[PDB]
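Chemist: Supplied in structure tokens, the structure appears directly below.
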There are 6 protein chains.
Amino acid sequence: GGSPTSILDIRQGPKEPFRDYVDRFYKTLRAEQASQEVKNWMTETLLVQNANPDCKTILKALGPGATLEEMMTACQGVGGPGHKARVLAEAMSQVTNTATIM
Amino acid sequence: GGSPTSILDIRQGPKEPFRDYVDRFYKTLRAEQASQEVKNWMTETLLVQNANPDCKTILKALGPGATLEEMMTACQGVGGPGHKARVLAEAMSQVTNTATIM
Amino acid sequence: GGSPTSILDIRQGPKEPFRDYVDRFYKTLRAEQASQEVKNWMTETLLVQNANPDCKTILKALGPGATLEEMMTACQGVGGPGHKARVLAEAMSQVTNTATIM
Amino acid sequence: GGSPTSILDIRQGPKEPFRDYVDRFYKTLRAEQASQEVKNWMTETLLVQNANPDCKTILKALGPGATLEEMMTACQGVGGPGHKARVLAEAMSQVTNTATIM
Amino acid sequence: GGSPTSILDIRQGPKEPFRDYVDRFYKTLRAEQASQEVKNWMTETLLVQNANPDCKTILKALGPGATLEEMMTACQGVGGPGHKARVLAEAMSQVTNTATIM
Amino acid sequence: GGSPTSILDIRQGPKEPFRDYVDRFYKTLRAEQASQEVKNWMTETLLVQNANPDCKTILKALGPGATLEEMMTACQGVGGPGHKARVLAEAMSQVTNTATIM
Ligand SMILES: O=P(O)(O)O[C@H]1[C@H](OP(=O)(O)O)[C@@H](OP(=O)(O)O)[C@H](OP(=O)(O)O)[C@@H](OP(=O)(O)O)[C@H]1OP(=O)(O)O
């Protein structure tokens, strides 16, 4: 499901922010020789799924229609204390209130 | 919204400290050819809004129109045991008293 | 057996991402002059096992059938806020309820 | 209030240890063209104030009159488990007992 | 007894992977001139004792009489979420239930 | 409290391992023109106190009679889970039980 260099073998490091992830997302796409429309929805589906579950959760959180920028800001912070500062608090409240998960 | 290398793109990384983000910001603002008043407010609107939810929200935390010193000290602590530490024990207290959020 | 430079000796770094470790494994694997199928069943048997208990455990966790992509998506979650948030989330309440372990 | 390269613009990176930040301060101070006395008092009034709220709170904590060595010893520990750990332990207990803050 | 570089000094960077440390042990062991066997038992007695108190601890948990491989399977989990996660949960529940220690 | 480059000015980075620090110090000590004996009297008191509050305290923690074997063997874990697993496992029991400190 994606050969080396192909935008399909492109993924946001588990810790890689969206801002860092995104840059290369398209650099490796440019490596892929696909029409814009071919790469377009790829630019979309490959980006988000391969965008590190912290971001995917955010991206999905931003609700569809999100802009590469909107997701970018929310999932950009993914990586440094910018986002993590908050996630430690929420992850913490993810267990305190939501400890029971079914 | 925001072209590459523009002060608009300029986004304090999450971990990106204010003194750091702020340093490349203005170096970058210098790079975008804008009028004085244009850079004058970009220096503002792009510095606080795209200032990494930690620093950014800090500026807003300090209170709007915050003196560069107020956002600087407050955000110049972003990335160190000075501020980062505050986030570890404090967010921890956001879930202690403020865990119930609606 | 499984001395250095062998896909056997190929163990995802403790923190080496499935995206990297897979590359390492697949880089040291190619370096390993094994039959194609041999590499493939190593890719199947060695990978899952010598893949960093975080990814490794996941591999088994996704349940058999995990395409290289499934173990990839699941083991790609591992390494940052995406998954770490969760590991922290469970290791925390596993201790709370599941503290009693026999 | 403080131009670039001036000791006024000199600020201990949040994580920047005092040992590193002191060098950058004085190295930069050398760069700043201020009388020996003017540099000497910057060395005092600037070094402390722009010394990373962590080392900065340590300087005051050591108590005014702290010899550069005193702030150095205490503010040198800033940046690693040396100080960061102590902070984790103190901040940790600052929320346990001191959580109520007015 | 045991000066720098001599395997005796050979120690796992506490965060250093067992695999790397071990490589350092063995890479440097080769550097420490001994009888074939002498280097080997060092490989045993020194490695466990000087391999990151966590791995040092794992090894004992790996079963006195641990093979270099077994500990390799476990200590490899060190330096990674494999262990960072596990330690977090255990230290977490040990203090909670086992808080009273005598 | 020690001139630059002198073994007196030799200080284990707050994160600097004792292994690295012990090595920095001894090289620096050789650089430090302390008599053959003075270096030995330096290698003793300086090495213990300037070696990063984490080790430094450990050195005292090992209790008097701590030979390089004790401080190196303890302060070795400094930097990662070896020494630190204790910092995180015990801190948990240092604040929970010992939070009240007078
Ligand atoms: O110990 P690791 O699992 O390898 O985590 C490290 C560790 O961070 P923590 O303070 O959270 O433990 C580093 O700090 P030190 O071990 O050197 O103290 C830190 O880097 P800084 O020193 O610059 O704060 C770095 O975080 P990062 O590089 O993201 O800023 C992070 O590594 P990972 O999160 O990538 O595992």
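How things are named: the first chain in the structure tokens is A, the next is B, and so on; residues count from 1 in each chain; ligands count from 1 in the order shown.
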Taking only C-alpha atoms and all ligand atoms into account, which residues have an atom no farther than 8 Å from ligand 1? I'd like them as a PyMOL selection string.
Modeler: (chain A and resi 15+79-80) or (chain B and resi 15+79-80) or (chain C and resi 15+79-80) or (chain D and resi 15+79-81) or (chain E and resi 15+79-81+84) or (chain F and resi 15+79-80)
Chemist: Once you have the residues from the selection above, write them out as a PDB file, in the first residue's frame, restricted to N, CA and C atoms.
Modeler:
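That gives us part_31.pdb:
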```pdb
ATOM      1  N   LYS A  15       5.266  11.129  16.285  1.00  0.00           N
ATOM      2  CA  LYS A  15       5.525  12.393  16.984  1.00  0.00           C
ATOM      3  C   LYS A  15       5.600  13.564  16.010  1.00  0.00           C
ATOM      4  N   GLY A  79       3.177  17.453  18.553  1.00  0.00           N
ATOM      5  CA  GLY A  79       4.618  17.197  18.570  1.00  0.00           C
ATOM      6  C   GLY A  79       5.345  17.914  19.696  1.00  0.00           C
ATOM      7  N   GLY A  80       5.186  19.220  19.759  1.00  0.00           N
ATOM      8  CA  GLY A  80       5.851  19.997  20.789  1.00  0.00           C
ATOM      9  C   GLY A  80       4.861  20.378  21.879  1.00  0.00           C
TER      10      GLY A  80
ATOM     11  N   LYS B  15       6.545  23.518  20.141  1.00  0.00           N
ATOM     12  CA  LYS B  15       7.665  23.627  21.051  1.00  0.00           C
ATOM     13  C   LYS B  15       8.403  24.901  20.799  1.00  0.00           C
ATOM     14  N   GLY B  79       9.076  26.464  26.734  1.00  0.00           N
ATOM     15  CA  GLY B  79      10.101  25.571  26.258  1.00  0.00           C
ATOM     16  C   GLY B  79      11.112  25.232  27.341  1.00  0.00           C
ATOM     17  N   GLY B  80      10.935  25.798  28.535  1.00  0.00           N
ATOM     18  CA  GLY B  80      11.885  25.552  29.601  1.00  0.00           C
ATOM     19  C   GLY B  80      11.229  25.136  30.921  1.00  0.00           C
TER      20      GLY B  80
ATOM     21  N   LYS C  15      12.442   2.876  20.590  1.00  0.00           N
ATOM     22  CA  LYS C  15      11.613   3.997  20.151  1.00  0.00           C
ATOM     23  C   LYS C  15      11.642   4.130  18.620  1.00  0.00           C
ATOM     24  N   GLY C  79       4.795   6.296  18.940  1.00  0.00           N
ATOM     25  CA  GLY C  79       6.018   7.133  18.825  1.00  0.00           C
ATOM     26  C   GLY C  79       5.840   8.593  19.230  1.00  0.00           C
ATOM     27  N   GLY C  80       4.601   9.048  19.263  1.00  0.00           N
ATOM     28  CA  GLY C  80       4.305  10.449  19.593  1.00  0.00           C
ATOM     29  C   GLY C  80       3.019  10.568  20.379  1.00  0.00           C
TER      30      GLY C  80
ATOM     31  N   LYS D  15      15.055  26.642  27.979  1.00  0.00           N
ATOM     32  CA  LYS D  15      15.816  25.482  28.299  1.00  0.00           C
ATOM     33  C   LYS D  15      17.284  25.834  28.367  1.00  0.00           C
ATOM     34  N   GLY D  79      17.897  22.765  33.100  1.00  0.00           N
ATOM     35  CA  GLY D  79      18.042  22.191  31.768  1.00  0.00           C
ATOM     36  C   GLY D  79      18.098  20.655  31.767  1.00  0.00           C
ATOM     37  N   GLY D  80      18.248  20.043  32.921  1.00  0.00           N
ATOM     38  CA  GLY D  80      18.328  18.585  32.952  1.00  0.00           C
ATOM     39  C   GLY D  80      17.657  18.048  34.183  1.00  0.00           C
ATOM     40  N   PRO D  81      17.758  16.766  34.400  1.00  0.00           N
ATOM     41  CA  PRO D  81      17.182  16.149  35.586  1.00  0.00           C
ATOM     42  C   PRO D  81      17.697  16.845  36.833  1.00  0.00           C
TER      43      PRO D  81
ATOM     44  N   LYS E  15      19.561   5.996  29.011  1.00  0.00           N
ATOM     45  CA  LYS E  15      18.523   6.069  27.988  1.00  0.00           C
ATOM     46  C   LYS E  15      18.953   5.262  26.759  1.00  0.00           C
ATOM     47  N   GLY E  79      14.315   1.913  26.687  1.00  0.00           N
ATOM     48  CA  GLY E  79      14.677   3.028  25.823  1.00  0.00           C
ATOM     49  C   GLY E  79      13.535   3.323  24.859  1.00  0.00           C
ATOM     50  N   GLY E  80      12.460   2.539  24.977  1.00  0.00           N
ATOM     51  CA  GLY E  80      11.318   2.684  24.108  1.00  0.00           C
ATOM     52  C   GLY E  80      10.022   2.666  24.885  1.00  0.00           C
ATOM     53  N   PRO E  81       8.936   3.075  24.263  1.00  0.00           N
ATOM     54  CA  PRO E  81       7.607   3.020  24.906  1.00  0.00           C
ATOM     55  C   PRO E  81       7.332   1.622  25.403  1.00  0.00           C
ATOM     56  N   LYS E  84       9.102   2.281  28.712  1.00  0.00           N
ATOM     57  CA  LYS E  84       8.710   3.532  29.314  1.00  0.00           C
ATOM     58  C   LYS E  84       7.251   3.426  29.715  1.00  0.00           C
TER      59      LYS E  84
ATOM     60  N   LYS F  15      21.884  17.053  32.675  1.00  0.00           N
ATOM     61  CA  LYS F  15      21.540  15.784  32.057  1.00  0.00           C
ATOM     62  C   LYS F  15      22.780  14.964  31.749  1.00  0.00           C
ATOM     63  N   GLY F  79      20.268  10.141  33.420  1.00  0.00           N
ATOM     64  CA  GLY F  79      20.052  10.508  32.036  1.00  0.00           C
ATOM     65  C   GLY F  79      18.881   9.747  31.432  1.00  0.00           C
ATOM     66  N   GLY F  80      18.736   8.499  31.846  1.00  0.00           N
ATOM     67  CA  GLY F  80      17.657   7.652  31.354  1.00  0.00           C
ATOM     68  C   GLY F  80      17.009   6.834  32.469  1.00  0.00           C
TER      69      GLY F  80
END
```
Chemist: After a least-squares superposition of chain D onto chain F, with every Cα atom paired in order, give the RMSD to one decimal place.
Modeler: 0.7 Å
Chemist: When you look at segment 1-7 of chain E with a cut-off of 12 Å (counting only C-alpha atoms), what residues show up, excluding the ones that are within fewer than 6 positions of it in the same chain? I need them as a VMD selection string.
Modeler: (chain E and resid 21 to 34 38 to 47 49 to 51) or (chain F and resid 18 to 24 26 to 27 67 to 70 72 to 73)
Chemist: May I have the residues within 12 Å of residue 90 of chain B as a VMD selection string, using only C-alpha atoms and disregarding those fewer than 3 positions away in the same chain?
Modeler: (chain A and resid 85 to 86 88 to 89) or (chain B and resid 83 to 87 93 to 98) or (chain D and resid 88 91 to 96 98 to 101)
Chemist: Interatomic distance between atom CA of residue 71 of chain E and atom CA of residue 78 of chain F?
Modeler: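 Separation between atom CA of residue 71 of chain E and atom CA of residue 78 of chain F: 21.0 Å.
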Chemist: Going by DSSP on the backbone, which bits of chain A are helix (DSSP H, G or I)? Write them as an MDAnalysis selection string, please.
Modeler: chainID A and resid 7:9 18:31 36:49 52:61 68:76 81:96
Chemist: Could you take the residues named above and write them with C-alpha atoms, as a short mmCIF file (atom, residue, chain, number, x, y, z; two decimals), in the first residue's frame?
Modeler:
```cif
data_model
loop_
_atom_site.label_atom_id
_atom_site.label_comp_id
_atom_site.auth_asym_id
_atom_site.auth_seq_id
_atom_site.Cartn_x
_atom_site.Cartn_y
_atom_site.Cartn_z
CA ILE A 7 3.21 9.74 -1.55
CA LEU A 8 1.55 6.48 -0.50
CA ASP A 9 4.62 5.46 1.50
CA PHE A 18 1.34 18.07 10.94
CA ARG A 19 3.35 21.20 9.96
CA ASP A 20 6.48 18.98 9.62
CA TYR A 21 4.60 16.09 8.18
CA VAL A 22 2.76 18.10 5.64
CA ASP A 23 5.82 19.73 4.10
CA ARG A 24 7.30 16.37 2.93
CA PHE A 25 3.80 14.95 2.30
CA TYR A 26 3.71 16.95 -0.85
CA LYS A 27 7.51 16.84 -1.49
CA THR A 28 7.22 13.05 -1.92
CA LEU A 29 4.00 13.63 -3.97
CA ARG A 30 6.00 15.85 -6.31
CA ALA A 31 8.23 12.79 -6.53
CA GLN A 36 -3.09 17.08 -10.02
CA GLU A 37 -6.51 15.48 -9.85
CA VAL A 38 -4.85 12.07 -9.32
CA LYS A 39 -2.69 13.53 -6.53
CA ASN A 40 -5.56 15.76 -5.34
CA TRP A 41 -7.74 13.44 -3.38
CA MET A 42 -4.35 11.62 -2.63
CA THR A 43 -3.20 14.84 -1.27
CA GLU A 44 -6.30 14.52 0.89
CA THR A 45 -6.76 10.85 1.86
CA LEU A 46 -3.04 9.99 2.02
CA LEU A 47 -2.28 13.08 4.02
CA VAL A 48 -4.86 12.58 6.78
CA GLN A 49 -4.63 8.75 7.20
CA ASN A 52 -0.22 10.42 12.65
CA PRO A 53 -3.31 9.34 14.76
CA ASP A 54 -2.94 12.45 16.95
CA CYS A 55 -3.69 14.56 13.87
CA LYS A 56 -6.20 12.21 12.42
CA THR A 57 -8.12 12.48 15.63
CA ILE A 58 -7.81 16.30 15.34
CA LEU A 59 -8.55 16.39 11.68
CA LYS A 60 -11.62 14.35 12.19
CA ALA A 61 -12.24 16.66 15.18
CA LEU A 68 -5.12 22.01 5.19
CA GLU A 69 -4.41 25.13 7.26
CA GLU A 70 -7.14 24.50 9.85
CA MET A 71 -5.97 20.95 10.35
CA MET A 72 -2.46 22.20 10.12
CA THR A 73 -2.91 24.60 13.08
CA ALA A 74 -4.69 21.97 15.27
CA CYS A 75 -2.47 19.03 14.19
CA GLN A 76 0.62 21.30 13.72
CA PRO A 81 4.48 21.31 24.14
CA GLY A 82 2.24 23.51 22.02
CA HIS A 83 -0.21 20.70 21.56
CA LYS A 84 1.19 18.24 24.11
CA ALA A 85 0.85 20.76 26.90
CA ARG A 86 -2.88 20.53 26.29
CA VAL A 87 -3.05 16.81 25.47
CA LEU A 88 -1.43 15.81 28.72
CA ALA A 89 -4.30 17.63 30.44
CA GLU A 90 -6.95 16.11 28.10
CA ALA A 91 -5.42 12.66 27.95
CA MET A 92 -5.48 12.91 31.68
CA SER A 93 -9.17 13.89 31.53
CA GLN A 94 -9.56 11.14 28.93
CA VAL A 95 -8.90 8.67 31.68
CA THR A 96 -10.33 10.49 34.72
#
```
